[PDB]
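Report on the structure given below.
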Amino acid sequence: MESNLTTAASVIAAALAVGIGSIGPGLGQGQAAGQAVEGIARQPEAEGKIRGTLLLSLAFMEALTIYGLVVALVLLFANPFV
Amino acid sequence: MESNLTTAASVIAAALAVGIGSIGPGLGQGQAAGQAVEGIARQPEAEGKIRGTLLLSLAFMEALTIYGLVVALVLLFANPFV
Amino acid sequence: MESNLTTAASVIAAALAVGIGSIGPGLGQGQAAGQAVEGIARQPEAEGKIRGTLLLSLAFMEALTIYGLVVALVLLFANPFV
Amino acid sequence: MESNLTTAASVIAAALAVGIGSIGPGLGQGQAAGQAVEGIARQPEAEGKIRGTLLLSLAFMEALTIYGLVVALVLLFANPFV
Amino acid sequence: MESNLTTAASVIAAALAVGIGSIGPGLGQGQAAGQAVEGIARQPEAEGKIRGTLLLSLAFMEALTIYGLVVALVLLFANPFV
Amino acid sequence: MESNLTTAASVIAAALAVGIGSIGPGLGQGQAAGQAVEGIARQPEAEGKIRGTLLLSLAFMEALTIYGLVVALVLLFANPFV
Amino acid sequence: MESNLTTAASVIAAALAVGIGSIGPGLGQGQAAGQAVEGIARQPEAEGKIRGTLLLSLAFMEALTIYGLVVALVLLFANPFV
Amino acid sequence: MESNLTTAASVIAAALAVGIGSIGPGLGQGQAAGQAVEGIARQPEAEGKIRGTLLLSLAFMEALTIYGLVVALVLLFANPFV
Amino acid sequence: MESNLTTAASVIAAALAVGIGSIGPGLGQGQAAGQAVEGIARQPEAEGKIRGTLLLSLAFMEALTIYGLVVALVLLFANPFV
Amino acid sequence: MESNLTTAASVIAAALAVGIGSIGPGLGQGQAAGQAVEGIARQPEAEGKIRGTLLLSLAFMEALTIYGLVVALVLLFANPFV
Amino acid sequence: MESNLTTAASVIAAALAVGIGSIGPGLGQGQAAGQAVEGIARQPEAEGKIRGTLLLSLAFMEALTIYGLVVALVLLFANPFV
Amino acid sequence: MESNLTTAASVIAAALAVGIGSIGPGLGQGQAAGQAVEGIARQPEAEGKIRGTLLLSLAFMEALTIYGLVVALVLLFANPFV
Amino acid sequence: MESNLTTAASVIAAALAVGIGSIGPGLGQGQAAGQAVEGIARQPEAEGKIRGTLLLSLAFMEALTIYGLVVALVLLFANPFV
Amino acid sequence: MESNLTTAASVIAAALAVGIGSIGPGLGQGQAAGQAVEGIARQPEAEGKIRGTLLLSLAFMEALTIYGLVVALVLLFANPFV
Amino acid sequence: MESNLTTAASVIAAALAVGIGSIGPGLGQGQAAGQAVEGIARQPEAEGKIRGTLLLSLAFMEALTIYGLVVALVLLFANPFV
Ligand SMILES: OC[C@H]1O[C@H](O[C@H]2[C@H](O)[C@@H](O)[C@H](OCCCCC3CCCCC3)O[C@@H]2CO)[C@H](O)[C@@H](O)[C@@H]1O
Ligand SMILES: OC[C@H]1O[C@H](O[C@H]2[C@H](O)[C@@H](O)[C@H](OCCCCC3CCCCC3)O[C@@H]2CO)[C@H](O)[C@@H](O)[C@@H]1O
Ligand SMILES: OC[C@H]1O[C@H](O[C@H]2[C@H](O)[C@@H](O)[C@H](OCCCCC3CCCCC3)O[C@@H]2CO)[C@H](O)[C@@H](O)[C@@H]1O
Ligand SMILES: OC[C@H]1O[C@H](O[C@H]2[C@H](O)[C@@H](O)[C@H](OCCCCC3CCCCC3)O[C@@H]2CO)[C@H](O)[C@@H](O)[C@@H]1O
Ligand SMILES: OC[C@H]1O[C@H](O[C@H]2[C@H](O)[C@@H](O)[C@H](OCCCCC3CCCCC3)O[C@@H]2CO)[C@H](O)[C@@H](O)[C@@H]1O
Ligand SMILES: OC[C@H]1O[C@H](O[C@H]2[C@H](O)[C@@H](O)[C@H](OCCCCC3CCCCC3)O[C@@H]2CO)[C@H](O)[C@@H](O)[C@@H]1O
Ligand SMILES: OC[C@H]1O[C@H](O[C@H]2[C@H](O)[C@@H](O)[C@H](OCCCCC3CCCCC3)O[C@@H]2CO)[C@H](O)[C@@H](O)[C@@H]1O
Ligand SMILES: OC[C@H]1O[C@H](O[C@H]2[C@H](O)[C@@H](O)[C@H](OCCCCC3CCCCC3)O[C@@H]2CO)[C@H](O)[C@@H](O)[C@@H]1O
Ligand SMILES: OC[C@H]1O[C@H](O[C@H]2[C@H](O)[C@@H](O)[C@H](OCCCCC3CCCCC3)O[C@@H]2CO)[C@H](O)[C@@H](O)[C@@H]1O
Ligand SMILES: OC[C@H]1O[C@H](O[C@H]2[C@H](O)[C@@H](O)[C@H](OCCCCC3CCCCC3)O[C@@H]2CO)[C@H](O)[C@@H](O)[C@@H]1O
Ligand SMILES: OC[C@H]1O[C@H](O[C@H]2[C@H](O)[C@@H](O)[C@H](OCCCCC3CCCCC3)O[C@@H]2CO)[C@H](O)[C@@H](O)[C@@H]1O
Ligand SMILES: OC[C@H]1O[C@H](O[C@H]2[C@H](O)[C@@H](O)[C@H](OCCCCC3CCCCC3)O[C@@H]2CO)[C@H](O)[C@@H](O)[C@@H]1O
Ligand SMILES: OC[C@H]1O[C@H](O[C@H]2[C@H](O)[C@@H](O)[C@H](OCCCCC3CCCCC3)O[C@@H]2CO)[C@H](O)[C@@H](O)[C@@H]1O
Ligand SMILES: OC[C@H]1O[C@H](O[C@H]2[C@H](O)[C@@H](O)[C@H](OCCCCC3CCCCC3)O[C@@H]2CO)[C@H](O)[C@@H](O)[C@@H]1O
Ligand SMILES: OC[C@H]1O[C@H](O[C@H]2[C@H](O)[C@@H](O)[C@H](OCCCCC3CCCCC3)O[C@@H]2CO)[C@H](O)[C@@H](O)[C@@H]1O
């Protein structure tokens, strides 16, 4: 439909946002979850407390990548320039 | 068949979204799963609890890359510009 | 629908702010959350204390990425130039 | 035959999607599998439980690279542009 | 209503300030907070003292990123050149 | 009997697919196999169970690189463009 | 308004000074703070001594990034050239 | 004796396939082999079992680089384009 | 107001001097301070001796970045060329 | 004798093949050999079994670089293009 | 006053000298100082000997960055070319 | 005296072959030799056995770089193109 | 006052020699000095022996950077070309 | 005198051969030597055996960098082209 | 009295030779020396033997950098081309 410098930059930008935005949170979620299951193996009676604190933490980390997602979707479906 | 800057940028962007988007979650899932199976060996009685928490964690990490896949699929099958 | 150097630079900027801005906080939140759940497994009675300090920590780290998000939203929705 | 910026970008993209897409899952699968076999050596009686959990994990990680494969295959066999 | 070298540089600059500016502090805050919750589990009676010292530390680290935010906001809302 | 942008890109692409595609799986397979032989030395009666789980794991990891090989072979023997 | 090579370089420089300038101090402050809270958990009676030493340390590290802030502020509000 | 972009790209491609394709497998084979000989020293009677699992592992890893070699040989001896 | 190659290089140089110049000293101060507060917890009676040696060390590290600041300030307020 | 893009690329390619191709195998051989001599010091009666398994492993790793060598020699002595 | 390739290179060079020149010495001073205060906590009667050896070591490391400083000051105040 | 693209590429290639080709083997030999001398200290009676296995290993690693040297010497003294 | 490619290259060269030339030695001196003070704390009576070996080591490492300084001084004060 | 692409490439190559060529052997020699002196402290009676094995090792590693020196010297004193 | 491609390359080359050439040996010398002083503290009667083996090792490592220095001095004082 339309191709210019800004449409080209928009699609690259969208991919960088979600692609790069998943690096930190992906690693961090693995580290937290790993400690969680180790803790459960160590003390199964704490499973409830452990899972609750993990779920909360997973949400904070997941939100970081969702910010990248939000930008991607704006660049694609509500682009202010093109 | 159309080739312009933006179609070219779109196909590259699609690949970077899923390619880069798999790095953190891939490493993270491995870390979490490794601790899970170590935990099951340590306390086989807790495997039900461990497996459920692991599954929850894997989902949160898988979703991060799936955001990448959504962007890629938008660029390829619902491209707003080209 | 305007395309120039600045609109293109703006979309790339928006993605870099939130993309790069999640790396450190994503990793850091994972480190903290991991220690939290390991602490809960060690001393389930300290769960309230651990959760409260974790939450406060997660907020400080989340805010770091949110500054990136704010910049991205300004560039997309309140751009001073284009 | 057809050769333009987009066909060239499409073949490079396809390689990057599966090439880069296998890095994190490759490492992660090794980490999880290594811990699985260490766990089986430690508690051979837990082999069934460990193998099931590992299998689930390997699938989650494999899927990440498969999203890359899908993008590659679309680019080579169902290209929307070129 | 304005596009030139310096408007383009300003938007990239704003993103780099807060994007890069969150890497060290993000990682550092995670390290400190992780030790804090581990400390609380170890010695719950010291929670108040630990929490107070952590809060101070988190503020010092958060400030480093805020300096980035300040540069970004000057560039966006009080730009000296454009 | 043919040289253009896309033939040149295709040959580089083929190399990157299998070249980069072997890094993660190569490292991961070494990690898993190392733990497997350490496990066998520790508990030789579990060799069969360890060997079976390792074999499955090696296949999952090998497949990641084979996806690269497949893209490379499509580019060389069934190229869609040139 | 003014736009030339030096204004563009000045805004980028300002971002780099505070952005890159926060990396080492950010990490270092986390390392020191983490050890401080671990020490307080170990010897709560030493909290006053530990907090004083930590505070002095945090100031030394904060100052490093502030030198970056100063350069940034000179560049934006007291630029010698442009 | 033909020289064009594609013959030049082909020779570089051939070298990158086998060059890069040995990195992960080279490292991985070392890791596995190291654990194998350490296992043999710990339990010399398990040598047959350790050797057999090592060999199978080495083959899986060697194959990863061989795919790179195959691509290089196709590019040198059965080039589809030039 | 003068803009040339050298004014542009000067402002960038100023930022790189203090920005890069803070990396090693920032990390180094954190390492030293971390060991100091650990030492005070271990032997509160030695805090006077520990604090003095730490202060001496922090100064030596702070001076390294201050050299960067001197160069930056020369480039901005006593520039020999522009 | 003859100089064109392809002769120039051929000589660079040759050097990259053997140069890069020695990185992984060089490190991996050191790791395996290191474990081997440690194992011999631990259990000198196992020297025969250890050395045999090491020799086999060294051969698999050495072959990875020889693949790079083969490509180099082809590019130099049996070049298909120039 | 004067702007040419060499004045521009001189100011960049000056900043690289002190900026890069502080990386190694900054980290090394932190490592040595960290060990020093740990040693003092361990054996406070050795404070004199420890501090003396540390001071000497700090001087050797500080001199490395001062070499960079010397070059910077020459490039700025005793430039042989411009 | 002839200077063209290919002579220039040849001299650079020669250096990259031996320069890069020494990295993995250099580090690998150090690792293996370090474990060897540690092993001799642990069991002086085994030094004959350790020295022989080390020598075998060093040779395999030295050969990897020698391949680099062969390529370099071919490029300098038996160049097929120039 | 001459400006050409070589004077500009010379000033950059001078800075790179001393800048880069301090990285390894800075880190190495820190490692050695750290072990020295830890050794003095362990055995204060060996202080003379430790100090003497440290000093000799520091000189060897300092000399490495001094070669960089010498090159920088030749380029600034005894330039063979410009 | 002579100046062309090949003389310029030759001087850069010579620097890269010995510069890059000393990285792996430099690190490796330190690793081996460190273990040698640790071993002598542990079993002083084994000093002769350890020193002989170390000497052999240092020679193997030194030779790697010497291959770089040889290429450099050929390029500067026996250049085949220029 | 001379400026061209090769004079410019020669000065950069001289800096890279000694700059890069000091990284590995600098790090390696620190590793070896650190172990030496730790060894002396552990076993002061072995100081002579440790010191002798360290001296030999430091010479081997120092020589690697001297090769760089030699290339640099040839380029500055006995340049074969310019
Ligand atoms: O809006 C841009 C207009 O400018 C064009 O010039 C060309 C220009 O010469 C060329 O350097 C430019 O390609 C170079 C731009 C780099 C691609 C960019 C890099 C990162 C961000 C995503 C992609 O493309 C323009 C085509 O969009 C054409 O003159 C015109 O058709 C086009 O519409
Ligand atoms: O035949 C010209 C066609 O291409 C134009 O874009 C030009 C553009 O101007 C030019 O700079 C560009 O060369 C620039 C190469 C940059 C490669 C780019 C890097 C990241 C993003 C993906 C790939 O080539 C395009 C050729 O397709 C127009 O976009 C298009 O309308 C037109 O159909
Ligand atoms: O600024 C307005 C002008 O935009 C275009 O300029 C563009 C041109 O299209 C583009 O290929 C070229 O891009 C060069 C690559 C830089 C792109 C930029 C880099 C940072 C991240 C955002 C993307 O540079 C020109 C900069 O002026 C065209 O010159 C013209 O169509 C239009 O008037
Ligand atoms: O006029 C439109 C032009 O479109 C293409 O030109 C292209 C040309 O192929 C390409 O090598 C050149 O640089 C293209 C950039 C390098 C290839 C690209 C890099 C990123 C990954 C995908 C592959 O730019 C030209 C456009 O600026 C056509 O191939 C060319 O024939 C034609 O002149
Ligand atoms: O001072 C602003 C000036 O910007 C343009 O000049 C520039 C223009 O940016 C672009 O085409 C080209 O540079 C564009 C590439 C640099 C993009 C930059 C990279 C890092 C910082 C963010 C984005 O060179 C032109 C040289 O004339 C216009 O040509 C000029 O009319 C306008 O006055
Ligand atoms: O579509 C293929 C076209 O390829 C050429 O265009 C290209 C050509 O590749 C080359 O000179 C130049 O780009 C060559 C540089 C890019 C090489 C590429 C980099 C990554 C992928 C592998 C190799 O730009 C030209 C722009 O016209 C020819 O000029 C054109 O006639 C031909 O049709
Ligand atoms: O004639 C003097 C020129 O001065 C500037 O041109 C500049 C132009 O702006 C710039 O994009 C282009 O490339 C400038 C390099 C990219 C921007 C720079 C990169 C490092 C960090 C600071 C930002 O070069 C032109 C000069 O060679 C003016 O902006 C331009 O209008 C004018 O043509
Ligand atoms: O493709 C055929 C043509 O080959 C040459 O093109 C070449 C040219 O020689 C070269 O300097 C230039 O190379 C540009 C650098 C890219 C080289 C390529 C990069 C990836 C790995 C392989 C090497 O690009 C042109 C691409 O078309 C010449 O244009 C011409 O003699 C010949 O007709
Ligand atoms: O309007 C032209 C003015 O700029 C000239 O320098 C030109 C220079 O020739 C040109 O290559 C340059 O574009 C080159 C862009 C390189 C950016 C550079 C990268 C590191 C150092 C800081 C930024 O732009 C300048 C524009 O200011 C002259 O230096 C000055 O006398 C004159 O006033
Ligand atoms: O076969 C290439 C033909 O093309 C030439 O153009 C020039 C071209 O302008 C220039 O960009 C090109 O240099 C740029 C190519 C980059 C060198 C390449 C990069 C990686 C792979 C190894 C080396 O060299 C060509 C010389 O071979 C000449 O026109 C002709 O003499 C030559 O034979
Ligand atoms: O002494 C340099 C003379 O050459 C100029 O050309 C321009 C040239 O076109 C342009 O590529 C060049 O900018 C490119 C040079 C890159 C900047 C350099 C990179 C690292 C070291 C520090 C900074 O700048 C020149 C301006 O100094 C002008 O023609 C003249 O005004 C100037 O005096
Ligand atoms: O005087 C021209 C001579 O050089 C030509 O090659 C040209 C070539 O076209 C040009 O792009 C090239 O500039 C390209 C610079 C690329 C540097 C290259 C990067 C990696 C490989 C080693 C160095 O310069 C050559 C100058 O020797 C021809 O190859 C040769 O026949 C001729 O004798
Ligand atoms: O060598 C003498 C000539 O110096 C200038 O050439 C310069 C030009 O100014 C510059 O923008 C351009 O620089 C290009 C960037 C490389 C700069 C160099 C890179 C390594 C570290 C030192 C800095 O290249 C030309 C190289 O000939 C001008 O051409 C001219 O004013 C003068 O006669
Ligand atoms: O016409 C043949 C040309 O051959 C040389 O030009 C050369 C020129 O020297 C060089 O700076 C330019 O870029 C050369 C690339 C940068 C230097 C090279 C980079 C890799 C490591 C070795 C050093 O390319 C020209 C050829 O394209 C001669 O020096 C020049 O006088 C002559 O114009
Ligand atoms: O052989 C030396 C020749 O050097 C120049 O050519 C060169 C000149 O270096 C420069 O402008 C340009 O290349 C300059 C960029 C390369 C700088 C180099 C990068 C790595 C090594 C250190 C510095 O290309 C010209 C091509 O003609 C002169 O133009 C020529 O008259 C002179 O004879």
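One-based numbering, in listed order, for ligands and for the atoms of each. What you see below is based on every heavy atom in this structure, not just the backbone, and it leaves out hydrogens, waters and symmetry mates. In what follows, every chain begins at residue 1, and chains take the letters A, B, ... in the order their sequences are listed.
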Point to revise | Spatial distance of atom CE (L:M1) from atom OG1 (N:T7) [nearest 0.5 Å] | key: 10.5 Å
**Study point:** Worked check of side-chain contact (heavy atoms from CB on, under 4.5 Å) between H:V82 and H:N4
**Key:** CA-CA 9 Å; H:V82 290; H:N4 52 51; 3.8 Å; yes
Exercise for review: Quick one: list whatever passes side chain to side chain donor-acceptor pair (under 3.5 Å) with H:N79, sequence neighbours left out.
Suggested key: H:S10
Practice item. Check whether any side-chain heavy atom of M:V70 sits under 4.5 Å from a side-chain heavy atom of M:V74, and report yes or no. Key: yes
What are the distances between nitrogen or oxygen atoms of ligand 13 and protein nitrogen or oxygen atoms, counting only those under 3.5 Å?
{"from": "ligand 13", "atom 1": "1 (O)", "to": "M:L5", "atom 2": "N", "distance (Å)": "3.0"}

Review point. Which pair of non-hydrogen atoms, one from A:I12 and one from B:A9, has the smallest distance, and what is that distance?
Key: CD1-O, 3.7 Å
Review point. In this structure, which one of L:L69, L:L75, L:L73 forms a side chain to side chain contact (heavy atoms under 4.5 Å, CB included) with L:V71?
Key: L:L75
